[PDB]
Amino acid sequence: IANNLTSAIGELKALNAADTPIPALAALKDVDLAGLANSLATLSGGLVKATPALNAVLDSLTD
Amino acid sequence: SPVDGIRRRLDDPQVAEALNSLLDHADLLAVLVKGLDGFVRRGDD
Amino acid sequence: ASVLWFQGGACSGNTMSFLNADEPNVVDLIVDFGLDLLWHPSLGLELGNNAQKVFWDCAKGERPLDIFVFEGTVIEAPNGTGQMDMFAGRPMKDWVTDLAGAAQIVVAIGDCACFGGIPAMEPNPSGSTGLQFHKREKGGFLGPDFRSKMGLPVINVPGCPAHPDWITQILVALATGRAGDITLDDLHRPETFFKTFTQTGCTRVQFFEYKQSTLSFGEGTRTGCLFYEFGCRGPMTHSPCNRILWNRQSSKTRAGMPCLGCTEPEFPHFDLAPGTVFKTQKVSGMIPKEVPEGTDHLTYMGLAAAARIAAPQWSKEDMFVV
Ligand code: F3S
Ligand code: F3S
Ligand code: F3S
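As they're listed, the protein sequences go chains R, Q and B.
Each residue of the first sequence is one higher than the one before, counting from 65 in the authors' numbering.
Each residue of the second sequence is one higher than the one before, counting from 20 in the authors' numbering.
Each residue of the third sequence is one higher than the one before, counting from 2 in the authors' numbering.
Encoded structure:
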């Protein structure tokens, strides 16, 4: 059974396609996250409707 | 009798077979209880 | 420091091991360290009445006896007369009584003298016992309360035989003013040698850690630890056999031989009963009956399963390669 668990763990030892390098986060407290979320909510219904105009601006920047 | 009633199970074949199988792996029971005793006397450690 | 070395139910293996001493070697110990070897059955020049004169002078206090080394068992048979060991006109046990009572320090060298050893194996025809122990039971021939004139109990230098350093370094310590550095464990063994285990320094401990077993003798011992299949008592045996190597070369365990736990008072363990020689007694075929010192079967087996799972590839391959 120990050899079975060794072969099982040894299979999981082979792993591919996963990147987790040096993740870090701080100073979001300094950001007015609550205010920015309120601002984003006031702006979200505008941003969603403005998406065709924003794309037409971006398309002219892709040239 | 109560005690002779268990003495009858002692001569009951299936009961006897199971008890003899318990006496077969008695060492394992002894070692697991010894292991538990050991673990208990090293529970502070 | 006068030394009288007597042999009771001995095979002289402690003497021979002692003669293998290096740093100091035996000659330098006897000459250059101020240890006056009054007599030794294997080395003393005196025979017959001259030897007996030396012995009687030591026993009666006519000349000082600083160290009485006793090798071999105290033979008490037949019927407590000790006549299965007649030495210099007396039962050896009578010599032991007198000289142990005369010595400043009494040193039992080898299991026979310390604990009874192999001759004390059942049926013990010679009525053999140790100086202050019979196997693990304290008291032996001299009684639990025996103290030499320096106040020490019998210093038990166990082993079968003792390694030369186990005695020579004690003798050097005594000769160099370091007697006070000598601490004895509960079996009166020098802790400077017997706090470690045989396993301490064993070349196979990594295999032990990963529960990789040597499977067979000879080339099979190029890998693995001997605990699981060969009854290695290394982890249950206090000794510096792998710290201070035998003959400055090796140890049983390094060489592929299981430690027989010879420094332990029960040696030979299980009295070499059938099925116990170079075999690990197991419960249900997989749990060793005896686990390492200070471990319990539950934790030991759990850790053993974990280690078997974690075992690296090299721990499963030959390592003591040609
Ligand atoms: S070496 Fe010999 S003297 Fe006794 S302690 Fe072992 S049988
Ligand atoms: S580590 Fe060595 S002392 Fe024995 S138990 Fe294994 S061969
Ligand atoms: S049998 Fe004895 S000599 Fe050392 S290797 Fe074991 S304690």
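Beta carbons are placed, not taken as given, at the ideal position from N, Cα and C, and that holds for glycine.
Sub-7 Å separation of residue i and residue j beta-carbons
i, j, result
"residue 215 of chain B", "residue 222 of chain B", "yes"
"residue 190 of chain B", "residue 157 of chain B", "yes"
"residue 25 of chain B", "residue 177 of chain B", "no"
"residue 152 of chain B", "residue 141 of chain B", "no"
"residue 279 of chain B", "residue 293 of chain B", "no"
"residue 309 of chain B", "residue 66 of chain R", "yes"
"residue 264 of chain B", "residue 298 of chain B", "no"
"residue 72 of chain B", "residue 21 of chain B", "no"
"residue 23 of chain B", "residue 249 of chain B", "yes"
"residue 2 of chain B", "residue 36 of chain B", "yes"
"residue 1 of chain B", "residue 321 of chain B", "Because chain B is modelled from 2 through 323, residue 1 of chain B falls outside the range shown and cannot be assessed."
"residue 147 of chain B", "residue 134 of chain B", "no"
"residue 159 of chain B", "residue 86 of chain B", "no"
"residue 107 of chain B", "residue 155 of chain B", "yes"
"residue 296 of chain B", "residue 289 of chain B", "no"
"residue 59 of chain B", "residue 66 of chain B", "yes"
"residue 70 of chain B", "residue 6 of chain B", "yes"
"residue 82 of chain B", "residue 120 of chain B", "no"
"residue 76 of chain B", "residue 9 of chain B", "yes"
"residue 241 of chain B", "residue 197 of chain B", "yes"
"residue 161 of chain B", "residue 128 of chain B", "no"
"residue 103 of chain B", "residue 149 of chain B", "no"
"residue 284 of chain B", "residue 46 of chain Q", "yes"
Min CB distance residue i to chain B below 7 Å
i, result
"residue 50 of chain Q", "yes"
"residue 47 of chain Q", "yes"
"residue 28 of chain Q", "no"
"residue 24 of chain Q", "no"
"residue 57 of chain Q", "yes"
"residue 54 of chain Q", "yes"
Endpoints, alpha helix (DSSP H) assigned at residue i
i, result
"residue 40 of chain Q", "32-43"
"residue 96 of chain B", "93-103"
"residue 58 of chain B", "49-61"
"residue 255 of chain B", "253-256"
"residue 27 of chain Q", "21-29"
"residue 309 of chain B", "298-311"
"residue 25 of chain B", "Premise fails: residue 25 of chain B is in no alpha helix (DSSP H) and is neither H nor E."
"residue 83 of chain B", "Looking at the DSSP string, residue 83 of chain B is not in any alpha helix (DSSP H), and its letter there is neither H nor E."
"residue 14 of chain B", "14-20"
"residue 173 of chain B", "165-176"
"residue 128 of chain B", "Counting along the chain, residue 128 of chain B falls outside any alpha helix (DSSP H), and DSSP gives it neither H nor E."
"residue 70 of chain R", "66-77"
Residues that DSSP places opposite residue i in a beta bridge
i, result
"residue 72 of chain B", "B/8 and B/110"
"residue 139 of chain B", "B/134"
"residue 283 of chain B", "B/289"
"residue 239 of chain B", "B/198"
"residue 56 of chain Q", "Residue 56 of chain Q is not bridged to any residue."
"residue 147 of chain B", "Answer is none; residue 147 of chain B lacks a bridge partner."
"residue 185 of chain B", "B/191"
"residue 247 of chain B", "B/251"
"residue 226 of chain B", "B/214"
"residue 3 of chain B", "B/37"
Segment limits, beta strand (DSSP E) that includes residue i
i, result
"residue 157 of chain B", "156-158"
"residue 123 of chain R", "It is not in any beta strand (DSSP E) - residue 123 of chain R instead sits in the alpha helix (DSSP H) that spans 97-126."
"residue 40 of chain B", "37-40"
Chain Q contact for residue i (CB, 7 Å cutoff)
i, result
"residue 284 of chain B", "yes"
"residue 297 of chain B", "yes"
"residue 288 of chain B", "yes"
Original post:
Going along the chain, which residues of the region 67-85 of chain R sit with their C-beta nearer than 7 Å to a C-beta in chain B?
Top reply: 69, 70 and 73
Original post:
Between the region 301-314 of chain B and chain R, which residues of the former have CB atoms less than 8 Å from a CB of the latter, in chain order?
Top reply: 306, 309, 310 and 312
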